[PDB]
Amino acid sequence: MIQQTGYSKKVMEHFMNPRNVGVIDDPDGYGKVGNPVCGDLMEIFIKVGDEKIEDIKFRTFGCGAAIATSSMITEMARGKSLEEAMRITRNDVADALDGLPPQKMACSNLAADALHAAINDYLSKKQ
């Protein structure tokens, strides 16, 4: 078939066994981003110690591509400085996502956009 799309092993691994699902109570930074098409919401929670991500959790009721990408992005963010985590985007897990249905590119961008939002929330509370 032409323009074939579908789901890779790595996305299926992170959708079936996502890392860092949950909530942090009273988090240092909280970010939430929604997807305009389906209305699902991605929420990222961070604890910050030493200017670094000491803990991270995500919560969403969105689709498999959004959950797998959040699992991969939160795992890559853990332990990074705030400036390094701000540079993380789904480009950093491009190979795992290649091939996905084209509408899931937006779903894949929720995790990094919520992480950036959580970092900015924490920074704006510093001031």
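One-based numbering along the sequence shown.
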{"property": "Between the two ranges 57-65 and 85-93, the one averaging a larger CA B factor in the entry", "result": "85-93"}
{"property": "Residue range whose averaged C-alpha B-factor is higher in the record, 71-79 or 48-56", "result": "48-56"}
{"property": "Assigned third (lowest, middle, highest) for the C-alpha B factor of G99", "result": "middle"}
{"property": "Relative C-alpha B-factor of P27, binned into the chain's lowest, middle or highest third", "result": "highest"}
